[PDB]
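With mmCIF, N, CA, C and O atoms inside, this is my_file.cif:
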data_model
loop_
_atom_site.label_atom_id
_atom_site.label_comp_id
_atom_site.auth_asym_id
_atom_site.auth_seq_id
_atom_site.Cartn_x
_atom_site.Cartn_y
_atom_site.Cartn_z
N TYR P 220 -3.16 4.11 14.80
CA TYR P 220 -1.82 4.10 15.47
C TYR P 220 -1.77 5.00 16.70
O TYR P 220 -2.32 6.10 16.71
N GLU P 221 -1.08 4.51 17.72
CA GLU P 221 -0.77 5.28 18.92
C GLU P 221 0.68 5.73 18.90
O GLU P 221 1.56 5.00 18.44
N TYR P 222 0.93 6.93 19.42
CA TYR P 222 2.28 7.47 19.51
C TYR P 222 2.63 7.75 20.97
O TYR P 222 1.91 8.48 21.66
N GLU P 223 3.73 7.15 21.41
CA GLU P 223 4.13 7.17 22.81
C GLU P 223 5.60 7.60 22.95
O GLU P 223 6.42 7.34 22.07
N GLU P 224 5.91 8.27 24.06
CA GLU P 224 7.29 8.60 24.40
C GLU P 224 7.71 7.88 25.67
O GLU P 224 7.03 7.94 26.69
N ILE P 225 8.86 7.21 25.59
CA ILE P 225 9.39 6.43 26.69
C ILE P 225 10.85 6.79 26.94
O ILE P 225 11.71 6.57 26.08
N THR P 226 11.11 7.37 28.11
CA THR P 226 12.47 7.67 28.56
C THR P 226 12.99 6.51 29.41
O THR P 226 12.31 6.06 30.34
N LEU P 227 14.19 6.03 29.08
CA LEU P 227 14.82 4.95 29.83
C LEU P 227 16.22 5.34 30.31
O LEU P 227 16.95 6.05 29.62
N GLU P 228 16.58 4.87 31.51
CA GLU P 228 17.97 4.94 31.96
C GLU P 228 18.68 3.65 31.55
O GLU P 228 18.13 2.56 31.71
N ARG P 229 19.89 3.78 31.00
CA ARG P 229 20.67 2.61 30.62
C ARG P 229 21.09 1.82 31.86
O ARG P 229 21.62 2.39 32.82
N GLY P 230 20.82 0.52 31.83
CA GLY P 230 21.23 -0.37 32.92
C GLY P 230 22.60 -0.98 32.66
O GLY P 230 23.22 -0.70 31.63
N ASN P 231 23.06 -1.79 33.60
CA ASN P 231 24.34 -2.50 33.47
C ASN P 231 24.41 -3.36 32.21
O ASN P 231 25.44 -3.39 31.52
N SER P 232 23.31 -4.05 31.90
CA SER P 232 23.20 -4.86 30.69
C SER P 232 22.33 -4.18 29.63
O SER P 232 21.57 -4.84 28.92
N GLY P 233 22.45 -2.86 29.53
CA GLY P 233 21.76 -2.10 28.49
C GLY P 233 20.29 -1.81 28.75
O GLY P 233 19.82 -1.89 29.89
N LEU P 234 19.58 -1.47 27.68
CA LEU P 234 18.18 -1.03 27.75
C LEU P 234 17.17 -2.13 28.08
O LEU P 234 16.05 -1.84 28.50
N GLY P 235 17.57 -3.38 27.89
CA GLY P 235 16.73 -4.53 28.24
C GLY P 235 15.70 -4.91 27.19
O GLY P 235 14.64 -5.44 27.53
N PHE P 236 15.99 -4.62 25.92
CA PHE P 236 15.13 -5.05 24.82
C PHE P 236 15.90 -5.38 23.53
O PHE P 236 17.07 -5.02 23.39
N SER P 237 15.23 -6.08 22.62
CA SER P 237 15.81 -6.45 21.34
C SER P 237 15.03 -5.84 20.19
O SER P 237 13.82 -5.65 20.28
N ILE P 238 15.75 -5.52 19.11
CA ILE P 238 15.12 -4.96 17.93
C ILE P 238 15.37 -5.80 16.69
O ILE P 238 16.47 -6.31 16.47
N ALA P 239 14.31 -5.96 15.90
CA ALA P 239 14.40 -6.49 14.55
C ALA P 239 13.94 -5.38 13.61
O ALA P 239 13.43 -4.36 14.07
N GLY P 240 14.12 -5.58 12.31
CA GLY P 240 13.68 -4.60 11.33
C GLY P 240 14.83 -3.85 10.69
O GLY P 240 16.00 -4.20 10.87
N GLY P 241 14.49 -2.80 9.95
CA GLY P 241 15.47 -2.06 9.15
C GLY P 241 15.20 -2.24 7.67
O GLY P 241 14.51 -3.18 7.27
N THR P 242 15.74 -1.34 6.86
CA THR P 242 15.52 -1.35 5.41
C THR P 242 16.16 -2.55 4.71
O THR P 242 15.78 -2.89 3.59
N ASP P 243 17.13 -3.17 5.37
CA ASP P 243 17.88 -4.30 4.81
C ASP P 243 17.44 -5.65 5.37
O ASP P 243 18.02 -6.69 5.04
N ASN P 244 16.40 -5.64 6.21
CA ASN P 244 15.89 -6.85 6.84
C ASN P 244 14.57 -7.33 6.24
O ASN P 244 13.72 -6.52 5.89
N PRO P 245 14.41 -8.67 6.12
CA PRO P 245 13.17 -9.29 5.67
C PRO P 245 11.97 -8.96 6.56
O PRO P 245 12.12 -8.85 7.78
N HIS P 246 10.81 -8.81 5.93
CA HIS P 246 9.58 -8.38 6.60
C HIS P 246 8.41 -8.62 5.66
O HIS P 246 8.59 -8.70 4.44
N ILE P 247 7.21 -8.71 6.21
CA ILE P 247 6.01 -8.77 5.38
C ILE P 247 5.46 -7.37 5.11
O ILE P 247 5.27 -6.57 6.04
N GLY P 248 5.24 -7.07 3.83
CA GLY P 248 4.60 -5.83 3.41
C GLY P 248 5.55 -4.70 3.05
O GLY P 248 6.71 -4.93 2.70
N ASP P 249 5.03 -3.48 3.12
CA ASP P 249 5.79 -2.26 2.88
C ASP P 249 6.49 -1.83 4.17
O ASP P 249 7.20 -0.82 4.21
N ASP P 250 6.29 -2.63 5.22
CA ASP P 250 6.70 -2.33 6.60
C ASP P 250 8.14 -2.73 6.94
O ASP P 250 8.39 -3.84 7.40
N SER P 251 9.09 -1.80 6.76
CA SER P 251 10.51 -2.10 7.01
C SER P 251 11.03 -1.54 8.35
O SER P 251 12.23 -1.57 8.61
N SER P 252 10.11 -1.06 9.19
CA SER P 252 10.48 -0.34 10.41
C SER P 252 11.11 -1.21 11.49
O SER P 252 10.91 -2.43 11.54
N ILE P 253 11.90 -0.56 12.35
CA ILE P 253 12.50 -1.17 13.53
C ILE P 253 11.41 -1.47 14.55
O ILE P 253 10.56 -0.61 14.82
N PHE P 254 11.42 -2.67 15.12
CA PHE P 254 10.42 -3.04 16.12
C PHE P 254 10.94 -3.94 17.23
O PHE P 254 11.93 -4.66 17.05
N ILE P 255 10.28 -3.88 18.39
CA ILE P 255 10.66 -4.67 19.56
C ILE P 255 10.24 -6.12 19.37
O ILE P 255 9.13 -6.41 18.92
N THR P 256 11.15 -7.03 19.71
CA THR P 256 10.89 -8.47 19.60
C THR P 256 10.88 -9.12 20.97
O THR P 256 10.21 -10.14 21.18
N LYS P 257 11.64 -8.54 21.90
CA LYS P 257 11.78 -9.06 23.25
C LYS P 257 12.07 -7.93 24.22
O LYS P 257 12.79 -6.98 23.89
N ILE P 258 11.50 -8.04 25.41
CA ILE P 258 11.82 -7.19 26.54
C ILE P 258 12.24 -8.11 27.69
O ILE P 258 11.49 -9.02 28.07
N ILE P 259 13.44 -7.88 28.21
CA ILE P 259 14.07 -8.79 29.16
C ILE P 259 13.56 -8.57 30.58
O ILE P 259 13.49 -7.44 31.06
N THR P 260 13.22 -9.67 31.26
CA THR P 260 12.78 -9.64 32.65
C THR P 260 13.81 -8.93 33.54
O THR P 260 14.97 -9.35 33.63
N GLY P 261 13.38 -7.86 34.19
CA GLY P 261 14.23 -7.10 35.10
C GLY P 261 15.21 -6.18 34.39
O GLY P 261 16.18 -5.72 34.99
N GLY P 262 14.95 -5.90 33.12
CA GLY P 262 15.74 -4.94 32.36
C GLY P 262 15.14 -3.56 32.47
O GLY P 262 14.00 -3.41 32.93
N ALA P 263 15.88 -2.54 32.05
CA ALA P 263 15.44 -1.15 32.15
C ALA P 263 14.03 -0.93 31.56
O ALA P 263 13.20 -0.27 32.18
N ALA P 264 13.79 -1.51 30.38
CA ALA P 264 12.51 -1.37 29.67
C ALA P 264 11.32 -1.98 30.42
O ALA P 264 10.25 -1.36 30.49
N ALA P 265 11.50 -3.18 30.95
CA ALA P 265 10.45 -3.86 31.72
C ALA P 265 10.17 -3.15 33.04
O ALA P 265 9.03 -3.10 33.51
N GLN P 266 11.23 -2.59 33.64
CA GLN P 266 11.11 -1.84 34.89
C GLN P 266 10.36 -0.53 34.67
O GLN P 266 9.50 -0.17 35.48
N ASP P 267 10.66 0.15 33.57
CA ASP P 267 9.88 1.31 33.16
C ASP P 267 8.42 0.91 32.92
O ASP P 267 7.50 1.63 33.31
N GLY P 268 8.23 -0.25 32.29
CA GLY P 268 6.91 -0.87 32.18
C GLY P 268 6.00 -0.39 31.06
O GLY P 268 4.87 -0.87 30.94
N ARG P 269 6.48 0.53 30.24
CA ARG P 269 5.66 1.10 29.16
C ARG P 269 5.87 0.43 27.80
O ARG P 269 4.92 0.28 27.03
N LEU P 270 7.11 0.05 27.51
CA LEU P 270 7.49 -0.53 26.23
C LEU P 270 6.92 -1.94 26.07
O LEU P 270 6.94 -2.73 27.02
N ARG P 271 6.39 -2.24 24.89
CA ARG P 271 5.83 -3.56 24.58
C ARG P 271 6.48 -4.17 23.34
O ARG P 271 6.97 -3.44 22.47
N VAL P 272 6.48 -5.50 23.27
CA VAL P 272 6.95 -6.22 22.09
C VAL P 272 6.09 -5.79 20.90
O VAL P 272 4.88 -5.61 21.04
N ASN P 273 6.75 -5.62 19.76
CA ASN P 273 6.15 -5.17 18.51
C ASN P 273 6.11 -3.68 18.31
O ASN P 273 5.68 -3.24 17.29
N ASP P 274 6.58 -2.93 19.29
CA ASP P 274 6.66 -1.47 19.20
C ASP P 274 7.55 -1.05 18.04
O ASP P 274 8.61 -1.63 17.83
N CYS P 275 7.11 -0.04 17.30
CA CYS P 275 7.94 0.50 16.24
C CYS P 275 8.62 1.77 16.72
O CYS P 275 7.96 2.76 17.03
N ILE P 276 9.95 1.73 16.78
CA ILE P 276 10.75 2.90 17.15
C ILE P 276 10.93 3.78 15.92
O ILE P 276 11.52 3.36 14.92
N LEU P 277 10.42 5.00 15.99
CA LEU P 277 10.56 5.98 14.91
C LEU P 277 11.77 6.88 15.14
O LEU P 277 12.28 7.50 14.20
N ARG P 278 12.22 6.96 16.39
CA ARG P 278 13.22 7.95 16.78
C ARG P 278 13.92 7.61 18.10
O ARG P 278 13.28 7.14 19.05
N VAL P 279 15.23 7.84 18.13
CA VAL P 279 16.06 7.61 19.30
C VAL P 279 16.77 8.92 19.63
O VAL P 279 17.62 9.38 18.86
N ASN P 280 16.42 9.52 20.78
CA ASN P 280 16.86 10.88 21.12
C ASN P 280 16.57 11.84 19.96
O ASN P 280 15.41 12.02 19.59
N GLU P 281 17.60 12.44 19.37
CA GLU P 281 17.41 13.33 18.22
C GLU P 281 17.74 12.67 16.87
O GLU P 281 17.70 13.33 15.83
N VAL P 282 18.03 11.37 16.89
CA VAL P 282 18.37 10.61 15.68
C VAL P 282 17.17 9.82 15.13
O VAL P 282 16.63 8.94 15.80
N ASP P 283 16.77 10.16 13.90
CA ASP P 283 15.70 9.47 13.19
C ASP P 283 16.14 8.06 12.78
O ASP P 283 17.27 7.87 12.32
N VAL P 284 15.26 7.08 12.96
CA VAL P 284 15.57 5.68 12.67
C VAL P 284 14.48 4.98 11.84
O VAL P 284 14.45 3.75 11.75
N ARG P 285 13.60 5.77 11.24
CA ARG P 285 12.47 5.22 10.51
C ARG P 285 12.84 4.71 9.11
O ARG P 285 12.18 3.80 8.58
N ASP P 286 13.90 5.26 8.52
CA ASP P 286 14.40 4.75 7.23
C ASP P 286 15.89 4.42 7.22
O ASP P 286 16.65 4.91 6.38
N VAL P 287 16.31 3.56 8.15
CA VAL P 287 17.71 3.14 8.25
C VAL P 287 17.85 1.62 8.25
O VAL P 287 16.89 0.89 8.54
N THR P 288 19.05 1.15 7.92
CA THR P 288 19.41 -0.26 8.02
C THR P 288 19.39 -0.71 9.48
O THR P 288 19.42 0.12 10.39
N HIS P 289 19.35 -2.03 9.70
CA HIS P 289 19.35 -2.59 11.05
C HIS P 289 20.53 -2.10 11.89
O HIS P 289 20.39 -1.88 13.09
N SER P 290 21.68 -1.93 11.23
CA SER P 290 22.93 -1.54 11.89
C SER P 290 22.97 -0.08 12.32
O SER P 290 23.61 0.26 13.32
N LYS P 291 22.31 0.80 11.56
CA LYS P 291 22.24 2.22 11.90
C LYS P 291 21.36 2.45 13.13
O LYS P 291 21.65 3.32 13.96
N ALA P 292 20.29 1.67 13.25
CA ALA P 292 19.38 1.76 14.39
C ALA P 292 19.94 1.09 15.65
O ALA P 292 19.55 1.44 16.77
N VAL P 293 20.83 0.12 15.46
CA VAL P 293 21.52 -0.53 16.58
C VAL P 293 22.54 0.44 17.19
O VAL P 293 22.57 0.64 18.41
N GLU P 294 23.35 1.05 16.32
CA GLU P 294 24.34 2.05 16.70
C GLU P 294 23.72 3.27 17.39
O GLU P 294 24.22 3.73 18.42
N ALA P 295 22.61 3.77 16.83
CA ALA P 295 21.87 4.89 17.42
C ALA P 295 21.41 4.58 18.85
O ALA P 295 21.47 5.45 19.72
N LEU P 296 20.96 3.35 19.07
CA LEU P 296 20.54 2.91 20.41
C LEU P 296 21.72 2.66 21.35
O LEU P 296 21.58 2.81 22.56
N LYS P 297 22.87 2.30 20.79
CA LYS P 297 24.09 2.09 21.57
C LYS P 297 24.83 3.38 21.92
O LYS P 297 25.48 3.47 22.97
N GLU P 298 24.74 4.38 21.04
CA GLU P 298 25.46 5.65 21.18
C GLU P 298 24.66 6.73 21.90
O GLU P 298 25.16 7.84 22.12
N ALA P 299 23.42 6.40 22.28
CA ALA P 299 22.46 7.39 22.77
C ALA P 299 22.69 7.87 24.21
O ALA P 299 22.06 8.84 24.65
N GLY P 300 23.57 7.20 24.94
CA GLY P 300 23.94 7.63 26.29
C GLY P 300 23.16 6.97 27.42
O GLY P 300 22.57 5.91 27.25
N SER P 301 23.16 7.63 28.58
CA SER P 301 22.61 7.06 29.81
C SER P 301 21.09 7.23 29.95
O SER P 301 20.45 6.46 30.67
N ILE P 302 20.54 8.23 29.26
CA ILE P 302 19.11 8.52 29.27
C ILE P 302 18.61 8.59 27.83
O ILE P 302 19.12 9.37 27.02
N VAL P 303 17.62 7.77 27.51
CA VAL P 303 17.22 7.57 26.12
C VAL P 303 15.74 7.82 25.91
O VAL P 303 14.90 7.20 26.56
N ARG P 304 15.43 8.74 25.01
CA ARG P 304 14.05 9.00 24.63
C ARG P 304 13.69 8.16 23.40
O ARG P 304 14.26 8.34 22.32
N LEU P 305 12.77 7.24 23.61
CA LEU P 305 12.26 6.40 22.54
C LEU P 305 10.90 6.91 22.10
O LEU P 305 9.96 6.98 22.89
N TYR P 306 10.82 7.28 20.82
CA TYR P 306 9.57 7.69 20.22
C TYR P 306 9.06 6.51 19.41
O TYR P 306 9.66 6.11 18.41
N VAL P 307 7.95 5.93 19.88
CA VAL P 307 7.44 4.69 19.32
C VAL P 307 6.04 4.83 18.73
O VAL P 307 5.32 5.79 19.02
N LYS P 308 5.67 3.87 17.88
CA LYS P 308 4.28 3.71 17.47
C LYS P 308 3.84 2.26 17.69
O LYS P 308 4.56 1.32 17.34
N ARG P 309 2.67 2.10 18.30
CA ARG P 309 2.12 0.77 18.58
C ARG P 309 0.79 0.55 17.86
O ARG P 309 0.03 1.50 17.64
N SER V 2837 12.34 -11.39 9.80
CA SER V 2837 13.20 -10.67 10.78
C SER V 2837 14.52 -11.42 11.00
O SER V 2837 14.86 -11.80 12.12
N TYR V 2838 15.26 -11.62 9.91
CA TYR V 2838 16.50 -12.40 9.91
C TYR V 2838 17.53 -11.95 10.95
O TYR V 2838 18.17 -12.79 11.60
N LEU V 2839 17.68 -10.64 11.11
CA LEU V 2839 18.66 -10.09 12.04
C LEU V 2839 17.98 -9.39 13.21
O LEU V 2839 17.26 -8.41 13.02
N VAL V 2840 18.20 -9.91 14.41
CA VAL V 2840 17.65 -9.33 15.64
C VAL V 2840 18.79 -9.04 16.61
O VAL V 2840 19.42 -9.97 17.12
N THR V 2841 19.05 -7.76 16.86
CA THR V 2841 20.13 -7.35 17.75
C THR V 2841 19.59 -6.89 19.10
O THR V 2841 18.70 -6.04 19.17
N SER V 2842 20.14 -7.46 20.17
CA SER V 2842 19.73 -7.11 21.53
C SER V 2842 20.44 -5.85 22.01
O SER V 2842 21.67 -5.74 21.91
N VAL V 2843 19.67 -4.90 22.53
CA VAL V 2843 20.21 -3.61 22.99
C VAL V 2843 19.96 -3.36 24.48
O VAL V 2843 20.56 -2.47 25.09
#

So that I can check it, write out the structure of this file as structure tokens.
Amino acid sequence: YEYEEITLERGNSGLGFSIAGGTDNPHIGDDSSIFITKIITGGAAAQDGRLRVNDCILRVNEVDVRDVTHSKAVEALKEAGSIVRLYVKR
Amino acid sequence: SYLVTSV
């Protein structure tokens, strides 16, 4: 596993990526983690250029998201403000 | 991955 830190500025249409996963979401294996499914062309994430599809977000700013429902990790990403530190594993 | 929310 690789561990990466990615800081993003929030754009007009948000961070520019989608997340699947969470403790309440279907998945194969023991793997219930939040992960990237899509990065939008010309979105903040694609412009930063570091984030990739399938990335596992372990942490959003100072809020842990490794053992939360899909809704807790969505809210954490929505409430995180204008500058967002994503701690990921790929 | 039944639920996918765009952020």

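In this structure, CA of residue 244 in chain P sits 17.7 Å away from CA of residue 272 in chain P.
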
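Take atom O of residue 226 in chain P and atom O of residue 239 in chain P: the distance between them is 19.4 Å.
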
Provide the CA of residue 252 in chain P to CA of residue 296 in chain P distance in Å, to one decimal place.
14.6 Å

4.5 Å contacts from chain P to chain V using all atoms listed in the file, as a PDB file with N, CA, C and O atoms, keeping the file's coordinate frame:
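File written: result15.pdb
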ATOM      1  N   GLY P 233      22.450  -2.860  29.530  1.00  0.00           N
ATOM      2  CA  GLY P 233      21.760  -2.100  28.490  1.00  0.00           C
ATOM      3  C   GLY P 233      20.290  -1.810  28.750  1.00  0.00           C
ATOM      4  O   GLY P 233      19.820  -1.890  29.890  1.00  0.00           O
ATOM      5  N   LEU P 234      19.580  -1.470  27.680  1.00  0.00           N
ATOM      6  CA  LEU P 234      18.180  -1.030  27.750  1.00  0.00           C
ATOM      7  C   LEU P 234      17.170  -2.130  28.080  1.00  0.00           C
ATOM      8  O   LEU P 234      16.050  -1.840  28.500  1.00  0.00           O
ATOM      9  N   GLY P 235      17.570  -3.380  27.890  1.00  0.00           N
ATOM     10  CA  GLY P 235      16.730  -4.530  28.240  1.00  0.00           C
ATOM     11  C   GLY P 235      15.700  -4.910  27.190  1.00  0.00           C
ATOM     12  O   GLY P 235      14.640  -5.440  27.530  1.00  0.00           O
ATOM     13  N   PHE P 236      15.990  -4.620  25.920  1.00  0.00           N
ATOM     14  CA  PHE P 236      15.130  -5.050  24.820  1.00  0.00           C
ATOM     15  C   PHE P 236      15.900  -5.380  23.530  1.00  0.00           C
ATOM     16  O   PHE P 236      17.070  -5.020  23.390  1.00  0.00           O
ATOM     17  N   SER P 237      15.230  -6.080  22.620  1.00  0.00           N
ATOM     18  CA  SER P 237      15.810  -6.450  21.340  1.00  0.00           C
ATOM     19  C   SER P 237      15.030  -5.840  20.190  1.00  0.00           C
ATOM     20  O   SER P 237      13.820  -5.650  20.280  1.00  0.00           O
ATOM     21  N   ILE P 238      15.750  -5.520  19.110  1.00  0.00           N
ATOM     22  CA  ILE P 238      15.120  -4.960  17.930  1.00  0.00           C
ATOM     23  C   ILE P 238      15.370  -5.800  16.690  1.00  0.00           C
ATOM     24  O   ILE P 238      16.470  -6.310  16.470  1.00  0.00           O
ATOM     25  N   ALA P 239      14.310  -5.960  15.900  1.00  0.00           N
ATOM     26  CA  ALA P 239      14.400  -6.490  14.550  1.00  0.00           C
ATOM     27  C   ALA P 239      13.940  -5.380  13.610  1.00  0.00           C
ATOM     28  O   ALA P 239      13.430  -4.360  14.070  1.00  0.00           O
ATOM     29  N   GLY P 240      14.120  -5.580  12.310  1.00  0.00           N
ATOM     30  CA  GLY P 240      13.680  -4.600  11.330  1.00  0.00           C
ATOM     31  C   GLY P 240      14.830  -3.850  10.690  1.00  0.00           C
ATOM     32  O   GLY P 240      16.000  -4.200  10.870  1.00  0.00           O
ATOM     33  N   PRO P 245      14.410  -8.670   6.120  1.00  0.00           N
ATOM     34  CA  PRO P 245      13.170  -9.290   5.670  1.00  0.00           C
ATOM     35  C   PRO P 245      11.970  -8.960   6.560  1.00  0.00           C
ATOM     36  O   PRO P 245      12.120  -8.850   7.780  1.00  0.00           O
TER      37      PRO P 245
END

For residue 282 in chain P, please output as a ChimeraX atom specification all residues within 7 Å (counting only N, CA, C and O atoms; exclusion window: fewer than 5 positions along the same chain).
/P:277,295,304

Writing out the chosen residues with N, CA, C and O atoms as a PDB file, in the coordinates of the input:
ATOM      1  N   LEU P 277      10.420   5.000  15.990  1.00  0.00           N
ATOM      2  CA  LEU P 277      10.560   5.980  14.910  1.00  0.00           C
ATOM      3  C   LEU P 277      11.770   6.880  15.140  1.00  0.00           C
ATOM      4  O   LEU P 277      12.280   7.500  14.200  1.00  0.00           O
ATOM      5  N   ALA P 295      22.610   3.770  16.830  1.00  0.00           N
ATOM      6  CA  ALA P 295      21.870   4.890  17.420  1.00  0.00           C
ATOM      7  C   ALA P 295      21.410   4.580  18.850  1.00  0.00           C
ATOM      8  O   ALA P 295      21.470   5.450  19.720  1.00  0.00           O
ATOM      9  N   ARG P 304      15.430   8.740  25.010  1.00  0.00           N
ATOM     10  CA  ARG P 304      14.050   9.000  24.630  1.00  0.00           C
ATOM     11  C   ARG P 304      13.690   8.160  23.400  1.00  0.00           C
ATOM     12  O   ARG P 304      14.260   8.340  22.320  1.00  0.00           O
TER      13      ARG P 304
END

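For the point (2.3, 5.5, 20.8), the residues with an atom at a distance of at most 8 Å are residues 220, 221, 222, 223, 224, 275, 306, 307, 308 and 309 of chain P, counting only N, CA, C and O atoms.
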
Next, dump the selected residues to file, keeping only N, CA, C and O atoms, as a PDB file, in the coordinates of the input.
ATOM      1  N   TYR P 220      -3.160   4.110  14.800  1.00  0.00           N
ATOM      2  CA  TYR P 220      -1.820   4.100  15.470  1.00  0.00           C
ATOM      3  C   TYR P 220      -1.770   5.000  16.700  1.00  0.00           C
ATOM      4  O   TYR P 220      -2.320   6.100  16.710  1.00  0.00           O
ATOM      5  N   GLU P 221      -1.080   4.510  17.720  1.00  0.00           N
ATOM      6  CA  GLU P 221      -0.770   5.280  18.920  1.00  0.00           C
ATOM      7  C   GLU P 221       0.680   5.730  18.900  1.00  0.00           C
ATOM      8  O   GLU P 221       1.560   5.000  18.440  1.00  0.00           O
ATOM      9  N   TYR P 222       0.930   6.930  19.420  1.00  0.00           N
ATOM     10  CA  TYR P 222       2.280   7.470  19.510  1.00  0.00           C
ATOM     11  C   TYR P 222       2.630   7.750  20.970  1.00  0.00           C
ATOM     12  O   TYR P 222       1.910   8.480  21.660  1.00  0.00           O
ATOM     13  N   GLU P 223       3.730   7.150  21.410  1.00  0.00           N
ATOM     14  CA  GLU P 223       4.130   7.170  22.810  1.00  0.00           C
ATOM     15  C   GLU P 223       5.600   7.600  22.950  1.00  0.00           C
ATOM     16  O   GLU P 223       6.420   7.340  22.070  1.00  0.00           O
ATOM     17  N   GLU P 224       5.910   8.270  24.060  1.00  0.00           N
ATOM     18  CA  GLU P 224       7.290   8.600  24.400  1.00  0.00           C
ATOM     19  C   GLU P 224       7.710   7.880  25.670  1.00  0.00           C
ATOM     20  O   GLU P 224       7.030   7.940  26.690  1.00  0.00           O
ATOM     21  N   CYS P 275       7.110  -0.040  17.300  1.00  0.00           N
ATOM     22  CA  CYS P 275       7.940   0.500  16.240  1.00  0.00           C
ATOM     23  C   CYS P 275       8.620   1.770  16.720  1.00  0.00           C
ATOM     24  O   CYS P 275       7.960   2.760  17.030  1.00  0.00           O
ATOM     25  N   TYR P 306      10.820   7.280  20.820  1.00  0.00           N
ATOM     26  CA  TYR P 306       9.570   7.690  20.220  1.00  0.00           C
ATOM     27  C   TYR P 306       9.060   6.510  19.410  1.00  0.00           C
ATOM     28  O   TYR P 306       9.660   6.110  18.410  1.00  0.00           O
ATOM     29  N   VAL P 307       7.950   5.930  19.880  1.00  0.00           N
ATOM     30  CA  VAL P 307       7.440   4.690  19.320  1.00  0.00           C
ATOM     31  C   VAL P 307       6.040   4.830  18.730  1.00  0.00           C
ATOM     32  O   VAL P 307       5.320   5.790  19.020  1.00  0.00           O
ATOM     33  N   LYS P 308       5.670   3.870  17.880  1.00  0.00           N
ATOM     34  CA  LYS P 308       4.280   3.710  17.470  1.00  0.00           C
ATOM     35  C   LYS P 308       3.840   2.260  17.690  1.00  0.00           C
ATOM     36  O   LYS P 308       4.560   1.320  17.340  1.00  0.00           O
ATOM     37  N   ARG P 309       2.670   2.100  18.300  1.00  0.00           N
ATOM     38  CA  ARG P 309       2.120   0.770  18.580  1.00  0.00           C
ATOM     39  C   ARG P 309       0.790   0.550  17.860  1.00  0.00           C
ATOM     40  O   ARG P 309       0.030   1.500  17.640  1.00  0.00           O
TER      41      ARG P 309
END

How big is the axis-aligned box around the listed atoms of range 289-306 of chain P once 6 Å is added on each side, and where is its centre? Give both in Å to one decimal, as lines of an AutoDock Vina configuration file.
center_x = 17.3
center_y = 3.4
center_z = 20.2
size_x = 28.4
size_y = 24.0
size_z = 33.0

Convert the output of the PyMOL selection byres (((chain P and resi 227 and name CA) around 12) and name CA) on the shown file into explicit residues, formatted as a VMD selection string.
chain P and resid 224 to 226 228 to 230 233 to 236 262 to 270 279 to 280 296 299 to 306

Decode the PyMOL selection byres ((chain P and resi 241) around 7) for the given file into explicit residues and return them as a ChimeraX atom specification.
/P:239-240,242-246,250-254,284-290 /V:2839

Among range 255-309 of chain P, which ones does DSSP place in helix (DSSP H, G or I), written as a list in words?
residues 263, 264, 265, 266, 267, 289, 290, 291, 292, 293, 294, 295, 296 and 297 of chain P

Can you list, as a list in words, all residues belonging to range 242-303 of chain P that DSSP tags as strand (DSSP E)?
residues 254, 255, 256, 257, 258, 275, 276, 277, 278, 279, 282, 283, 302 and 303 of chain P
